[PDB]
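Trainee: Protein chains in written order, with PDB author numbering: chain Z, 150 to 639, 662 to 788; chain A, 602 to 639, 662 to 721; chain Y, 242 to 301. Positions of the beta carbon are idealized from the N, C-alpha and C atoms, including for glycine. Quick one: structure below, then a few questions.
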Amino acid sequence: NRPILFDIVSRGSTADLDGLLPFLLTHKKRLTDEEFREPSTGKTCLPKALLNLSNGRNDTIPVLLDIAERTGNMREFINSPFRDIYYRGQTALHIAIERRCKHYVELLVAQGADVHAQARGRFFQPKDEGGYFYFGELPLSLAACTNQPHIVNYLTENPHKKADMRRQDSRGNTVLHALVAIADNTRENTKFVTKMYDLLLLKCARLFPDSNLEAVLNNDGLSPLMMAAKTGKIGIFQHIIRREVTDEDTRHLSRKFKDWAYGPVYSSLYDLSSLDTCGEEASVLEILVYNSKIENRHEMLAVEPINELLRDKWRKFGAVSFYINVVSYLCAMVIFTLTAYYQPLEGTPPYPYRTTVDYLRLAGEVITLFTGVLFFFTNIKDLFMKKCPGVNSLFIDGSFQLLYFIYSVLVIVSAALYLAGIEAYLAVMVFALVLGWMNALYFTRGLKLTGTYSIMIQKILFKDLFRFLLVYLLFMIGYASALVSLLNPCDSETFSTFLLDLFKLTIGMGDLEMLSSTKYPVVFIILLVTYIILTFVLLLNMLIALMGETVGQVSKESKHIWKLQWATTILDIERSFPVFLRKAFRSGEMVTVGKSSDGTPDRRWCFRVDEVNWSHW
Amino acid sequence: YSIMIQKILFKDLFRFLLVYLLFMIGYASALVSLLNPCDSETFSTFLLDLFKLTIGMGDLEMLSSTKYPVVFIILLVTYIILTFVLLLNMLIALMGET
Amino acid sequence: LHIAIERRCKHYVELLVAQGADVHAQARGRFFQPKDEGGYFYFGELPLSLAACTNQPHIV
Ligand SMILES: CC(C)C[C@H](NC(=O)c1cc2ccccc2s1)C(=O)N1CCN(C(=O)[C@H](CO)NS(=O)(=O)c2ccc(Cl)cc2Cl)CC1
Ligand SMILES: CC(C)CCC[C@@H](C)[C@H]1CC[C@H]2[C@@H]3CC=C4C[C@@H](OC(=O)CCC(=O)O)CC[C@]4(C)[C@H]3CC[C@]12C
Ligand SMILES: CC(C)CCC[C@@H](C)[C@H]1CC[C@H]2[C@@H]3CC=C4C[C@@H](OC(=O)CCC(=O)O)CC[C@]4(C)[C@H]3CC[C@]12C
C-alpha cells in the first residue's frame, strides 16, 4: 500500500486515511515497515507530508501522528532518519524548521521529536566539499542560520525539551561557528547575522553565567573570531572586535569599553585578550597575516585596534632590532665576500694554516659555515613553529623563506667538498655567495621608501617574465634549430659554438660572420632578420607593456601592500624571540574595568586608543 | 621638466640603485673571486671590463683564462638577464608613474 | 572653572564666577599641549578660549 498511501498523503486528502488503523491492527503492520518506506532513500510518510503542503497546513500530520501513537511506535516513526548518502541523517524536525512553520515544530517537539539529531549528508556539507548548503548540522543551528528568531527562541526554552547552545557537531562547529560559516559580506546578510549572533550570545550568557560561549573551540582548534578572520568575513569580524554591551547584568563579555572623554577627544579602551598572544595560543593577527588566499585581508587589517597595536609594537622594539639585523647580516656578507676573494687556488684543499694571515682567513670560513648552519636551524624551527605550513606558504609567496634554505644547503655542501671534493668547491661556493647577496631584499621589505620594490620585483619575475619566456623560448628553440640545421660544415662542439655566437648576437654585440660558410645565405639573413625583428622590436618591449601594468597595479595599491609587508616583517622579528622575553614585552594594561557576577575582578589585558569627533554635541 | 627630473633623480633612481648596487656588488665579487690568475690592479682592470660590458659594448674574453668557464657564463647570463631585461626597464614603470 | 566650562553647564559657571573663581587661570599640563607635542587637546590654556573652542556661544 506504499504507492496509494504516498499518493494520498501527497494530495493532502484526509478522508482516504480512514480505515488505515483497523488495517494496521488486523495485519499488525508497523508504519516503519520496509515496504512502506521508500527504497530510494528510506523516506517515510511524515517527511513526504511535510515536503509538500498547502500554505503550511497539510492537515494530514495530526492524523498520522495519532495513528502512530495508537500503533505504539511514535518515537521510532517521528525521528526516523534518512538513509543513503545525499540526505543522510535528515529528520522531520529539520524539514519542519526549514519550511518556516512554527506549528509543526511545536507539534513534533511536544510529541517527542529528537532535537539533537545531526544531518551529515553530502548535500549538507560545505560548498567547497560538495554540499550546496551548510548550517552546522543541528536543528537550532539551522533555525539560526535561516533568520527565524521566533523558532530559535521557542526551541531554546521549551517545557518539553531544550537545545543547549553549547553543542558541537561532528566537525566541532557550534551555533556561532555555523552562523559565521554562512555569514556573507552582503549588506542584508551581515545585519541579520550580527543580530542573531548577539541575541544567541546574550541568551547563552544569561542562562549560563559561568561559561562563555565563544570559549568553545572546534576540532580545528579555532574560535568564531579566529574562523571569521581565517575565512575573510569582515562583516562579522569587525562587529565582534568592537562588541559593546550596554546591559549592566551581562556587560562583562563586551570587548570595547569607554575610558574617558575630554571635549572632542574621546579615548576608548579595547580588549585584546585573544587578539594578541605571546605564544600561549594562536592569535588573530598571525592567522590574518600569514595565511594565504584571504578575500579581504587588506580591509580586515585596517581596523581600529590592529593598526595601533602594530604601531606600538614596531615602536617598542621593532626598529631597535631591525637595524641590528641589517648590520649583522651585511657584516657577515662582507666577511663572506672577503673570504671568497682571498681563496688560494694553488694547492689541494684543505690547506695548512701556519702564517699570520691564516688566523684571519680561517675565521671567515668558520663564521660563514656556522651562520649557514644557524640559518638552516632557524628555518626548520620556523617551519615547525607554524605547524608545518605546506607548499602554498613557501613556494607561492614569502620566497625569501625558501631562498635562505637553498643558501643554507650550498654553504654547507661546499664544506663537504672542501674536505674531499677539493677541486670544485669554488663552483658552488661562489653561487652560494651570489644567492646570499641577491636575497638581501627581505631586509629592504621593511623600509617604507623601498618596501614595494622587493615585493613587486619578486612578483613580476616569476609570473610575468616566465610567462613571456615561454613564448620567447619557443621562438629561440625554433630559430636556433633552424639555423643550426641550415649551415653546411663542409658536431656537438660546432653546435655549441654556434649557439654561443647566436647568444652574443642576441645581446646586441658580436659580428655576423656565419653566413660566409653556409649555403643559401640570403634565406639565412632573411631568417635572422625575422628573428631580430620579432623578438627585439615586438616582444622585448611589449613585455614592458604588461610589466608596467603590473607596476601600475602595485602603484595603485602601494600603501596597502607596504602596510602588510611591514606588519609581516615586524611579526616575523617578534616570533623568533624566546617565550619569557616575549612575555616580558607584553603590551597593554591590566585595567579592572568590571567585576564578575560574584563580584570578583576580571583583570583582563586591554589596550587604549583615542580619536577626535566634532559632531557629538 | 626641471622639477620632475630633480624629483625623480633623488627619490626613484636612488631607491632603484640600492637594489642595483646589491646586485652589482654580489656579482662582481663572485666573478672576481672565481677567476684564477695562474691583485688590486687585476681587480680594477676586471671591474673596468665588466662595466664596459654593462654598458652594452666590449668583448667577452675573460672566460678563457678562468677555470669553470661554463658556470662563469651562466652567472654572466643571469646578471645580464636580471639587470637589463627586468630592472633596467622596470624602473621605467614607476618612473612613468611619477 | 575649566571643568565647569567643559561640561557645558552654565549654572555652575555662573556660580563659580560669582563666588570669586579666577578667570585668567592657565592650564599648562602636558595633556593640554598641542597634538604633535604630546597633548591630545589644545585650546589656548584659558577659560574663555576653552569655551570658544568648544562651540558654546552663550558661555562666551
Ligand atoms: C636575533 C633577533 C634579535 C632578531 C632575529 N635575527 C636573528 O636571529 C639573526 C640575524 C643574523 C644575521 C647574521 C648572522 C646570523 C644571524 S641570526 C630576527 O629578527 N629574524 C630571524 C628569524 N627570521 C626568519 O627566520 C625568517 C622568517 O621566518 N625566515 S628567513 O627568510 O629564511 C631569514 C631571514 C633573515 C635571517 Cl637573519 C634569517 C632567516 Cl632564516 C626573521 C627575522
Ligand atoms: C634568453 C635566455 C633567458 C635563455 C637562454 C639560456 C642561456 C643560459 C643559454 C643561452 C646560450 C647558452 C650557451 C650556449 C653555449 C655554451 C658553451 C658550453 O661550453 C662550450 O664552450 C662548448 C665548447 C666545447 O665543449 O668543446 C657551455 C654553455 C654555453 C655558454 C651555454 C650556456 C647557457 C646559455 C648562455
Ligand atoms: C652602475 C653605476 C651607477 C655604479 C658603478 C659606479 C661607477 C662610477 C664605477 C663602476 C666601475 C668603476 C671603475 C672600475 C675600474 C677603474 C680603474 C681605476 O684606475 C685604473 O685604471 C686601474 C689601473 C691601475 O691602477 O693600475 C680608476 C677607476 C675605474 C675607471 C673605476 C671608476 C668608477 C666606475 C666606473
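(1) For the region 519-528 of chain Z against the region 553-568 of chain Z, are there 3 or more C-beta pairs whose distance is under 8 Å?
(2) Where does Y556 of chain Z sit, in a helix, a strand or coil, going by DSSP?
(3) Would you say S548 of chain Z reaches chain A, if we count a Cβ-Cβ gap shorter than 9 Å as a contact?
(4) Using a Cβ cut-off of 8 Å, pull out every chain A residue sitting near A589 of chain Z, in sequence order please.
(5) Just checking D546 of chain Z against ligand 1 - is the residue's beta carbon closer than 8 Å to any of the ligand's heavy atoms?
(6) Give the secondary structure of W409 of chain Z by DSSP, where H, G and I count as helix, E and B as strand, and everything else as coil.
(7) When you check each C-beta in the region 245-274 of chain Y against every C-beta of chain Z, which residues fall closer than 7 Å?
(8) Please confirm if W586 of chain Z has its CB atom under 9 Å from at least one CB of chain A.
(9) Could you have a look at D743 of chain Z and say whether DSSP puts it in helix, strand or coil?
(10) Identify each residue in the region 729-756 of chain Z for which the Cβ-Cβ distance to at least one residue of chain A is less than 7 Å, and report them in chain order.
(11) If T295 of chain Z sits next to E247 of chain Z, beta carbons under 8 Å apart, how far is it from one beta carbon to the other, in whole angstroms?
(12) Below 9 Å between beta carbons: does that hold for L632 of chain A and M685 of chain A?
(13) Would you call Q260 of chain Z buried or exposed, if buried means 16 or more other Cβ atoms sit within 10 Å of its Cβ?
(14) Quick one, are the C-beta atoms of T517 of chain Z and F549 of chain Z less than 9 Å apart?
(15) With which residues is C639 of chain A paired in a DSSP beta bridge?
(16) Cα-Cα, which of Z:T240, Z:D165, Z:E448 and Z:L169 is closest to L195 of chain Z?
(17) Run down chain Z in chain order and give the residues with a C-beta less than 9 Å from the C-beta of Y691 of chain A.
(18) Can you list, in chain order, the residues of its chain with a C-beta nearer than 6 Å to that of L584 of chain Z? Leave out the 5 residues immediately preceding and following it.
(19) Using the C-alpha atoms, what's the distance from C250 of chain Z back to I744 of chain Z?
(20) What would DSSP say about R237 of chain Z, mapped onto helix, strand or coil?
(21) With a threshold of 9 Å between beta-carbons, can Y602 of chain Z be considered close to chain A, or not?
(22) Indicate the three-state DSSP secondary structure (helix, strand or coil) for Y508 of chain Z in the structure shown.
(23) Pair every Cβ in the region 283-297 of chain Z with every Cβ in the region 318-333 of chain Z, then say whether three or more of these pairs are closer than 8 Å.
(24) Rounded C-beta distance between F185 of chain Z and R151 of chain Z? I'm assuming under 8 Å.
(25) Select from A:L683, A:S603 and A:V708 the residue whose C-alpha is nearest the C-alpha of residue 655 of chain Z.
(26) Considering only the alpha carbon of each residue, which of Z:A312, Z:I390 and Z:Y253 lies closest to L421 of chain Z?
(27) Can you list the alpha helix (DSSP H) stretches of 4 or more residues lying completely in the region 213-273 of chain Z, in chain order?
(28) Compare the C-beta of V780 of chain Z with all C-beta atoms of chain Y and state if any pair is closer than 9 Å.
(29) Report back the beta-carbon spacing between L752 of chain Z and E435 of chain Z to the nearest angstrom; my notes put them in contact at under 8 Å.
(30) Tell me, to the nearest whole angstrom, how far the beta carbon of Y419 of chain Z is from that of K407 of chain Z; I am working on the premise that it is less than 8 Å.
(31) Check whether the Cβ of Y490 of chain Z lies closer than 9 Å to any Cβ atom in chain A.
(32) Find out if the Cβ-Cβ distance for the pair residue 648 of chain Z, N588 of chain Z is shorter than 9 Å.
(33) Is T520 of chain Z a contact residue of ligand 1, with contact defined as CB to any heavy atom under 8 Å?
(34) Taking the alpha-carbon of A481 of chain Z as reference, which of Z:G521, Z:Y508 and Z:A451 has the nearest alpha-carbon?
(35) Go ahead and label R594 of chain Z buried or exposed: buried means 16 or more other beta carbons lie within 10 angstroms of its beta carbon, across all protein chains shown.
(36) If you reduce the DSSP assignment to three classes, tell me which class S542 of chain Z lands in.
Mentor: According to the data block:
(1) yes
(2) helix
(3) no
(4) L623
(5) no
(6) strand
(7) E247
(8) yes
(9) helix
(10) none
(11) 7 Å
(12) yes
(13) buried
(14) no
(15) Its beta-bridge partners do not exist; DSSP assigns none.
(16) Z:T240
(17) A573, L575, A576 and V579
(18) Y556
(19) 57 Å
(20) coil
(21) yes
(22) helix
(23) yes
(24) 5 Å
(25) Since chain Z is numbered 639 and then 662, with no step between, residue 655 of chain Z has no place in the structure shown.
(26) Z:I390
(27) 223-227, 241-247 and 251-260
(28) no
(29) Actually they do not touch by this definition, with Cβ atoms about 18 Å apart.
(30) Contact doesn't hold; Cβ gap of about 11 Å is too wide.
(31) yes
(32) No atoms are given for residue 648 of chain Z, which sits in the stretch of chain Z between 639 and 662 that the model skips.
(33) yes
(34) Z:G521
(35) buried
(36) helix
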